[PDB]
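Visitor: Sending over a structure as structure tokens; questions will come in a sec.
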Ligand SMILES: O=C(O)[C@H](O)[C@@H](O)[C@H](O)[C@H](O)CO
Ligand SMILES: O=C(O)[C@H](O)[C@@H](O)[C@H](O)[C@H](O)CO
Ligand SMILES: O=C(O)[C@H](O)[C@@H](O)[C@H](O)[C@H](O)CO
Ligand SMILES: O=C(O)[C@H](O)[C@@H](O)[C@H](O)[C@H](O)CO
Ligand SMILES: [Cl-]
Ligand SMILES: [Cl-]
Ligand SMILES: [Mg+2]
Ligand SMILES: [Mg+2]
Ligand SMILES: [Mg+2]
Ligand SMILES: [Mg+2]
């Protein structure tokens, strides 16, 4: 048994660009699928696969998943980055898919078997003020979601190039207002870290008053404030007992978590942005987070994700893999096979899928009253209809939201 | 190109003694200006320039700014002090001014270009009680200031040699009273650290009640209390979410910040007094402050200030350079060129200038609704009219406020 | 006033090694910047990261705002801090510094603080199959005027190389290194013996000191080829030979082992040609775990971040030794040297000779005389590219072979 | 689909050493798993822990949920983390992995990541009464093709052994070791002299390096027989002889002393055949206090936790050397080797020869040729047990004598 062909498929059935890898073998009908999706970079990841990892694999036995991972990881010398890791993930997940197909077992059966019979999900809710958020959250709870991420506005702004309209809305509502900008300013999506941070604890006081303490509430700070203001936020949110506060610092600010954890008892999630062991390992070792957030394709696939899950397990840290819309259904299944086999599973973020995703990727997990139920089919239990995928070509482009500027025009980590 | 002459100009157009350096070259009309202002020491700084750095520079190429800085810094062997550093600053800023003039670009363009289109300012407000402070702050907000430093009284005293009158005013107002002094006591400006510290959180509760949470409020403890009482103050101010609490300890007490930062989430600013890397570096390394306050002439000018700004940047710490009245407009421009080019700019302290400063130093930045807008002229964009400067001779003398005594007569770091 | 009108990537290999170069055009006729994006093993992924993303991102922007462009380009794809991302950013950043110097009429070193020295001290590579060949090579470098010499015997791990992608030349393996026997079948790869390599090294340096003396400075690159504890023993065993530095005793993924190493050994340590992330380099510099920072500056994102790392090192007493072998363009060589001229903490500059084809394709390459490099005084990076001639040296591309490095039992090692 | 129908324990001693084996039957005719529970000194307490507790706990359960069974069996008695508890859990866990591979039609190494090497490197034991006997023994092992050799002189503490429970053979004491005199009466025990032992060791290794050279890798096991500070001195004194590792310089109860040792010595350190608890092994791996983790995998609870410890080690740059002397069944030997094949961080595999009786009772034992082991490719652990033949080798049982180790004054020492 050996690898005959490796290709990349770029498709966007859910309206978000995805990168999928298919590895073909010399056994008729036996192939594996993997997720490479770094949505902002699809063409650079495609090159990293098609021009490099693809020819590197031809003629090799797919059974040596670890040897392939280790040798591919260093094949370009330099390594540990989101383009390199996503390319590696596409390969690695496809090789696990093939191993499970060869075994006649789902990948979760190879990784230790089921530790639970359903995967608990959390979903996003939002709104422009605390009543809109309350109503959005209540509607998700009525659908059976028991864990809800609640966001309000866009980090103190409106998601536009100007703060004046939202500031006037805040004046009228008697709420905290964002700052006035200089008389001319650079293009970007303007926000206000100070108005945002000062507003957050009142939002959660309101949600607890209205929704109660049974439901689990989550909040994502998304690296939007200074570290000391995040420490203060984490402390201010303690009375509301959030399931977690996510990304209070940028990866480049991870040293500030030592101070945060000497002060706050709010649980902390970090790491959708992580690409490098020197980011995640010291946080797990030192108990500086309670949930590891990696986007598994950005750390290189199932092989490294299982290692990070175990490293976390032995430190008492749980998993919450990143899984919003920019992940393919193959990556959603990979997250959930790890989730099922991990003693330390924390929670699974979920973005509801449309009909097109379900038809382009047969095998998507079933969602019923806030839990996901993955199928029992071998490998990752997921397929791709290549002809129907080709009917959803990718948009490409440079996203606008990643130019995020504070009121004075300063570029911030978005 | 080489340095022909170096001179010091002592002038006080704003009523505060300034020390300015002018370096002339062999190119007609090309000269540079720098700020040496240590206002309490102008004659010692003048000597350190005129008798030492001036003859050291004659005939040297001004293009080697770093070589000149490093060699001047060690020229007297002993180093790292406010007289030595201010003399070095006058030279260094003038050399940057010449480099920008030679380039035809503002110094901010050499330091990485603009990161924002206006410089956010904070201004001082004060009053004898919480209503006076509220009114003073409101008047600055109406002028367009979005960041306000609020002080009340003078650290529990009246700014006089006796506490009895202010104590009686406090009795009548039903407020906390300063202590009675011994029956005879040494001359000085008496204050009361205990009355001061215990009064501060109520001041900010009042300002938040009246002014709201949109405006940013700052407070300067100015090394006036014991370290443990500063830790307690920082904690007590948390509910009021100050932009920062400044100088909770003296430079000689920097080891106490390790304890403060294990307890409080109030942001901390330190360092207008710093002269030495062994002061600022461990605080930045260990995340013990959120804003670095250096008076840039006291650390040796633009060259070291840019290094401290970068060292801070990579630790997540922002800049707030010291800039009250004892700084020349050349130093104000240098602060603002660093501010414009620093990703990590925090805030810029500002003391409004009179007509005399604007006429003696053509090129002062424009202030409009709480932001400063520096001009685009080459170098530091600033000049000095030597004839008009000579019409504002310096006062000199020993300031009285630096003899600060607690109620029992103890000299305190002022 | 100025604005960016076009951004393009040029792939060329005049020195036998694939390079990636960026050219940024402005609206001022004849004013353009050049930068180095060279991650040689990935040139097509870097080319995409520039052409499909950073190029359209820049069009119409004022090139004067170098820092605002660096910070915003760095986060434009959200995920960041990796070799393809950073090299693309470097090509942009260096070209913007080139434009700034040309606008100013000054070399980039003049914008960065001016000259701190009048020549840049170089170290060069010597190798050989045995201690005598290494000795003869080093003696020749000394005769040519080099005062700092890196000495390997069989390059990295003792394995030499058959892969032209590394140095553009085959290098013979260590001839007397007596590796352990492999199992009866084994996977394809370039085999080396870490134990035999580590033991060979103190003997090599004893011989070199015996024959060449202690005036010359001698360097060695362990190139992450041994376990951390064996690297600690090697650092200690080399102490009597007073190396200028021992380079890459650990992989980036093993940086936590340097705390132990530095409690034991006084041999100076260089690290970091592989570094892509602040969480790699910052703790080592903060904790005095290295004496020389080795970054390949395009892999950290260009001149803007390199200057910051040089300053962060300076304040910690650490010096600079930027990575500069064959896989760097002459644009990158000039950027290294402009930093070197303006840094008080300059340590040493690695150098491999630039052939005539490189010098023709890139007018402005530094002059080398008697162990020092002399950069010209022209504005910007003082370097140009002849696009027509660059096209005559199309890139080889492909997957390198030397990066499949296996120990005797067949284990993949970080190469 | 499958469910567990029977669980039993088999006690057998074909190699002259008491073994504990678990067999788990399913509802599918002919599909069963085998596992290793061998804590040789306690076989009857382990047998009870399986037969009276874990066996009834498992009946009717789906063997596919290996992790859920491990986690739940581990806590089923509340108290946990000890050698009787963990060995019982291991017998279950290995048998469930055996069943998983048989269900999949694949060796367990294929489920764990596949092969990272094509042979497993072995080290073997040499001993002797004096330096010349040790030399002759080691030279013979080298001639047979072994590249890694552990060298003792009088086994542990220099005392040799009269107890067949250790190696199934008497071993002569160090003949020239000149112990201190005991008091005029003393308690029964196997006497040894820690001071005379420690001093003998650097002399032994000087002689071996003089006679055998530096290509071969040499190992030594201090077996917790000396005080921590004397072990620190021994680690330092061995540095010139470049041992592959020095094993068990401290008892598990003395692990806090390794911080001091690692600030001083560069001799590589192996620890942990005695470990039963995460609070023993985790801090050592986190803090880089060892280079090789030595667990007896049945004493840590089987393949499930061993894979986790191997991964935790991998991310810390620590390698695996699983304990594998005579008191382990061939099932346990195969489990060690399946982990070894699939771990990037494999260090070395201890090996003691398996006699014909062991090979007959356990069909499928690995082949050994020229210093490497070759596991077969059959599904599961690739190992079986002939119950009829196993019954022909009933266990000896009893209390071992070698574990009463006393210093010259009569003090009980951790043996
Ligand atoms: O928690 C999350 O789901 C993330 O923060 C997303 O909101 C990211 O912003 C997005 O995945 C980037 O592509
Ligand atoms: O924050 C400030 O502006 C300072 O604390 C000033 O108030 C100093 O007291 C003065 O600059 C000394 O000369
Ligand atoms: O010190 C050096 O010069 C390096 O180690 C190079 O030899 C790298 O191996 C090469 O640059 C990789 O492409
Ligand atoms: O390294 C080794 O192989 C061990 O130290 C064994 O010799 C143990 O003493 C034995 O396994 C105890 O039963
Ligand atoms: Cl990358
Ligand atoms: Cl027990
Ligand atoms: Mg998030
Ligand atoms: Mg102050
Ligand atoms: Mg190197
Ligand atoms: Mg042992």
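Residue numbering in chain B adheres to Swiss-Prot, whereby the residues present occupy positions 4-417 in order.
For this deposited structure, the header notes the method as X-ray crystallography, 1.6 Å.
Just so you know, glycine gets a Cβ as well, placed from its N, Cα and C.
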Visitor: Pick the one from B:67, B:82, B:167, B:296 that Swiss-Prot also lists for the substrate site with B:43, B:127, B:275, B:325, B:329, B:352.
Guide: B:296
Visitor: For the Mg(2+) site that Swiss-Prot assigns to B:249, B:275, which of B:223, B:288, B:293 is also named?
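Guide: Among B:223, B:288, B:293, only B:223 appears alongside B:249, B:275 as Mg(2+)-binding in Swiss-Prot.
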Visitor: Which residues of the same chain, at least 6 positions away in sequence, have a Cβ lying under 8 Å from the Cβ of residue B:325 (substrate binding site)?
Guide: B:274, B:275, B:296, B:297, B:298, B:299, B:352
Visitor: Centre the Cβ atoms of B:223, B:249, B:275, go out 8 Å, and tell me which other residues of that chain have a Cβ in range of the Mg(2+) site.
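Guide: Neighbours found: B:224, B:225, B:250, B:272, B:273, B:296, B:325.
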Visitor: Compare the Cα of residue B:223 (Mg(2+) binding site) against each of the recorded positions B:127, B:327, B:329 and report the nearest.
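Guide: Sorting the recorded positions by distance from residue B:223 (Mg(2+) binding site), the top entry is B:127.
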Visitor: Taking each of B:158, B:223, B:249, B:325, B:329 in turn, which of these recorded positions have a Cβ less than 8 Å away from a Cβ in chain A?
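Guide: Out of B:158, B:223, B:249, B:325, B:329, none lie under 8 Å of chain A.
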Visitor: When you measure from the Cβ of residue B:43 (substrate binding site), which residues in the chain that are at least 6 apart have a Cβ under 8 Å away?
Guide: B:329, B:401, B:402, B:405
Visitor: Restricting to the recorded positions B:127, B:225, B:249, B:327, which ones have a CA within 10 Å of the CA of residue B:158 (active site, proton donor/acceptor)?
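Guide: So the list reads B:225.
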Visitor: Just to be sure I understand: of B:127, B:225, B:327, which recorded positions have a C-alpha no more than 10 angstroms from the C-alpha of residue B:249 (Mg(2+) binding site)?
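Guide: Of B:127, B:225, B:327, within range: B:225.
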Visitor: Within the set B:127, B:158, B:223, B:296, B:327, B:329, which recorded positions show a CB-to-ligand 2 distance under 6 A?
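Guide: Passing the 6 Å Cβ check against ligand 2: B:223, B:327, B:329.
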Visitor: Which binding-site residues among B:223, B:249, B:275, B:329 have CB under 6 Å of ligand 8?
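Guide: Among the binding-site residues listed, those whose Cβ sits under 6 Å from ligand 8 are B:223, B:249, B:275.
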Visitor: When you measure from the Cβ of residue B:327 (site 'Important for activity and substrate specificity'), which residues in the chain that are at least 6 apart have a Cβ under 8 Å away?
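Guide: Sequence-distant Cβ neighbours: B:127, B:352, B:354.
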Visitor: For substrate, with binders B:43, B:127, B:275, B:296, B:325, B:329, B:352, what's the maximum Cα separation in whole Å?
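Guide: Greatest Cα separation within the listed binding residues comes to 21 Å.
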Visitor: Sort out the sequence-distant neighbours of residue B:225 (active site, proton donor/acceptor) for me: same chain, 6+ apart, CB within less than 8 Å of its CB, listed by position.
Guide: B:158, B:249, B:250, B:417
Visitor: Specify the count of other C-beta atoms within 10 Å of the C-beta of residue B:275 (substrate binding site).
Guide: 22
